[PDB]
Every structure is written in structure tokens, then in C-alpha cells.
Amino acid sequence: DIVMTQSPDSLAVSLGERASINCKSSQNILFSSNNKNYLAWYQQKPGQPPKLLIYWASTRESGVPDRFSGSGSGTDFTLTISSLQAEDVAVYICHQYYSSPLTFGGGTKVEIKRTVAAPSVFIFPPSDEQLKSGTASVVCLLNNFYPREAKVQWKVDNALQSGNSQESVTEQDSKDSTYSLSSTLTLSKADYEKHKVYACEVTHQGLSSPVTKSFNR
Amino acid sequence: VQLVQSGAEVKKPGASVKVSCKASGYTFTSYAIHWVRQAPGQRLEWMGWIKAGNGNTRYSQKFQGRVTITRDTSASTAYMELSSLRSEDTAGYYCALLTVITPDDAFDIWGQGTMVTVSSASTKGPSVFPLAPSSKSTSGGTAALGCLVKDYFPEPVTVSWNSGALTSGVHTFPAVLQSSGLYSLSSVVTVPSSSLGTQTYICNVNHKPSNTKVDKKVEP
Amino acid sequence: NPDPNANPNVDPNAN
């Protein structure tokens, strides 16, 4: 099998800066007869199929912006983004169609590097619809911060919590290049009523000290 | 040119699944349809192809035993069947018209893809709960609201807002597997707080495996 | 030498 190897695994540059993705073929895929390299470059945004950008290693697929271009022969190839836009944040995948089976590269993740943004923090008490069903879920939201690292802590009647919450983070927003976070504290309604004060405290580089957001049951 | 695929499914280990893929917008017999799988934290894996005219196929060794690709030219549809399902096979599956480099044109079309989860567990429709805006959820001149999609299986759920009229500021977060083996996810949006009395915000949620469709209006 | 049956959709004479 022809093995597609990409480097780096991850990259981040500033807006407008140049990004370069290397793909190396484990077997030469240039056909000396027609002088054609049998390689394609793809882009994949989250929750979407890959979209084709380059074929024959250097032919732009029609519609694709000119800031993408491909280069290389034989076993060594580069994808070039001359001026990264915030929408270009994606995984990029090289692909060979020299031989069966058709194989893909491992993918390179480009990210955007940008100025710090402290998160806006919002808290959401459980709905009364959820309560009459038996469980209580408390949701804390960390909106549009940067960089990605961000700590969330739950506090119930001022007593710190652990192992009753769960978190997830968005991919980088394609317009402002920030991230967002969602944490959920889930308890049974019976324990939910036993306590009065519910808080989430957010450590992030953009905040001089942790920001607490609380409400009374 | 469009390829629309069949809905998400859960299958018990050792059982069999068969994903459909309907083609439209061209002469179905003219092109070869490919199937590629994408498993979380794994590269794209080509599984095989089928010429939609004469139904000739070519399969990958890694799946040659258990994969079956077929087309019904009358219905302009291709099918792919994995048998002896295991846990490795929990993944997203795509039909694709990979790099059709024709003389005249060049194009590459993919279906929306279909996720198959191999598990003993059973299909459960989600509960949808609002995240209502309030004084505890306004910062600056802007308010936060969303929907809580709780206790569903398997993945995935889709969430849109106002039928897709509202996209700016929308964050649908990745699902999370709770301790009960049920999935839960949250979708939020940011809006101007000044207009909470005059604007209307409805989240539209689909769980195809359980045929759930809820539109929930979230109010102050 | 490419196998032209890797992807039947690819015409080697086409650009």
C-alpha cells in the first residue's frame, strides 16, 4: 500500500500568514509517460465531508481560491496557503490515486493564532421541565475565549465539586478564531433541592483572577 | 450533482448493516461510486468502489471479507454492507464520487455520510430542554440562550436555529457520553439582550435513529 | 506505472 505521511500534525499561524503542509509518498507516484503526479489535496471542516482542492498535485479545482496551491513531484509534495484566512481553519488531507487501494494522508490541522480574549461566562439553572422529570442539569457556558486552555469548577453551597460534571469545547470559530466551552453539572432533583447556591468559577489566562458566576435555587 | 445517504443506525456486534446512497443530477451509470470510512481519531479509509454501470467492484483487503457494495441502477442508488460487525467499525461512512477527472470537467462530490455505532445498547430519543435567557445569562448588551439535548443514543443529533435563519453566534457543542451510556449535548447562541421581548428563538433538533423531531421555543 | 483502475473516474489523458 502507498502510505501518505503529512508533517506537521498541527500548525498555527497568524491571520494573513503563510502555511505550508508537506506530504510524502512512500512510493513514487509520478508517471513519467504523461508527467503527471497522481495526488489530490483535500480540506475537511468539522461535521462535513472532505472538499477537494487540488488534483494532479497542482491543478486547482474550479471555484477554489487562488491562495491555495500545490507543488512537489515523485514522492514529496507541499500544499501552500499563501495568506491564511480565519475560515481556512480545517484539517487538510493529501490523497494518492496511483494504486489500489486508494490511500489518504493522516491530515494536518491548521489553527489560527490571535490575541487573547477572556471568556464571557453565563450560567443556566435547570429548566422546570427537566425538574418534573426527576433530574437537574446546571449548565455553565464559556463564550468566545482564546487561547483554548480554560478551567471550570463547580461549587454547590460553596463546597468544591469533582466528578459530577462534564465538558466539551468547540472547534475554533471560523470568523473570530475563538473557542467556546460548555460544562454541565448533573444531579438528582432530590440533592438539587438540598442546596441553595450554585456556582461555576472560570480560570482563564485572560482573567486576572477566577471569575465566579452563581445563582440561588 | 448530489449524493444523499441513509440515516444513522446502531447495530449489535457481529450483526450486519447496509448503508444506502442515492445519486441524482447525472447519468448514474456513467461513474464509479466509492465508499470511505472515517473512524474517530483515525485517518480516512477507502473501503471499495463499484462501477454503477456493470456493477463491477473492487474492494480493500482490510475489509475484503466482510464488505459488500452494490447498486440498483433503476433507483440510482449504491449500497454498502459490512458484516460481522465489531467495535472497530463504529465510525462515519461516506459514499463519494472521488476525483472524477473527466476530459470536460473535474469534480468531487460526497454524501453527508452516515455514522454507524456498534453496541449492545438500544436507540433512545433525546429530551430537549431550554437554556432560557435571564439576568444570570446576560453580559454587556448581549444575552445567551440555548437548548439542552439530553439522554439519546446513538450519535448524532443535529441542531439548527430558527429553521436556519439564525447562524451568527451559534455554538453547538460536541456531544458527551455520560455515565449511563447516554449522550448529551448543548447548543447555544448569543443575541442582543435588548430585543428579548420581540425576537423569537426556536431550536430545531433531529435524532434520525429514533425519528425524533422537536422544535423548542426558548423564552425569558 | 499507475493502475488506471485504482479510480475508474480518473482519465489519465485529461488535465
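For a 21 Å ceiling on Cα separation, which of these pairs sit above it: A:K132/A:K155; A:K36/B:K22; A:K109/A:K175?
Details: A:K132/A:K155 23 Å; A:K36/B:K22 33 Å; A:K109/A:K175 17 Å.
Beyond 21 Å: A:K132/A:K155; A:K36/B:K22.
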Quiz item: Using θ = phi - 60° and the Karplus form 6.51 cos²θ - 1.76 cosθ + 1.60, what ³J(HN,Hα) does each residue of segment B:69-86 get, whole Hz, x for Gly and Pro?
Solution: 10, 9, 10, 10, 5, 4, 9, 6, 9, 10, 10, 9, 10, 9, 10, 6, 5, 10
Practice problem: Averaging sequence separations of C-alpha pairs under 8 Å and six or more residues apart, then dividing by the length of chain B, give the relative contact order as a whole percent. | Solution: 19
Exercise. Could you work out, residue by residue across B:100-113, how many beta carbons of other chains sit within 10 Å of that residue's beta carbon, and then give the average as an integer?
Key: 6
Practice problem: Post the alpha-carbon centroid distance, segment B:29-56 to segment A:43-99, in whole angstrom. | Solution: 20
Quiz item: Under 14 Å from the Cα of B:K217, which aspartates and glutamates turn up, not counting those fewer than eight places away in the same chain?
Solution: A:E129
Quiz item: If pairing requires two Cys Cβ atoms under 4.7 Å apart, which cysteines of chain B are left without a partner?
Solution: none
Quiz item: Near the amide H of B:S134, under 5 Å away, which other amide H atoms are found, from residues 5 or more places off or on another chain, if H is placed in the peptide plane?
Solution: B:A144
Quiz item: Counting other C-beta atoms within 10 Å, which of B:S20, A:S26 has the fewest, and how do the rest follow?
Solution: A:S26, B:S20
Quiz item: What average number of partner chain Cβ atoms lie no more than 10 Å from the Cβ of the residues making up B:26-35?
Solution: 1
Quiz prompt | Label point distance in nm, A:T115-B:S139, each placed 7 Å from Cα along Cα→Cβ | solution = 1.7
Exercise. For A:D128 and A:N216, compute 0.36 nm times the residue count separating them, minus their Cα-Cα distance, and round to one decimal in nm.
Key: 30.2 nm
Practice problem: Pop out the ³J(HN,Hα) list for segment A:67-74 in order, Karplus 6.51 cos²θ - 1.76 cosθ + 1.60 with θ = phi - 60°, rounded to Hz; leave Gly and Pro as x. | Solution: 5, 8, 8, x, 6, x, 9, x
Self-check item: Cut-off under 5 Å, modelled amide H: who pairs with B:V128 long-range
Solution: B:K150
Quiz item: Using alpha-carbon positions, what is the distance between the centroids of segment A:163-217 and segment B:127-193, in Å?
Solution: 14
Quiz item: What ³J(HN,Hα) values, in whole Hz, does the Karplus curve 6.51 cos²θ - 1.76 cosθ + 1.60 give for segment A:151-168 when θ = phi - 60°, with x put for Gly and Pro?
Solution: 9, 10, 9, 9, 9, 10, 6, 6, 9, 4, 10, 6, x, 9, 10, 7, 9, 7
Quiz item: Which of these, B:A106, B:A75, B:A23, has the largest mean-square fluctuation under a Gaussian network model of chain B (Cα springs below 10 Å)?
Solution: B:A106
Quiz item: In deg cm²/dmol, rounded to 500, what helix-only [θ] at 222 nm does the protein assembly as shown give when every DSSP H run of at least 4 residues adds -39500 (n - 2.57) and the total is split over its residues?
Solution: -500 deg cm²/dmol
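Just so you know, all these numbers are worked out from the coordinates, no wet-lab data involved. Here Cβ is always computed from backbone atoms with ideal geometry, including for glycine, and neighbour counts include all displayed protein chains.
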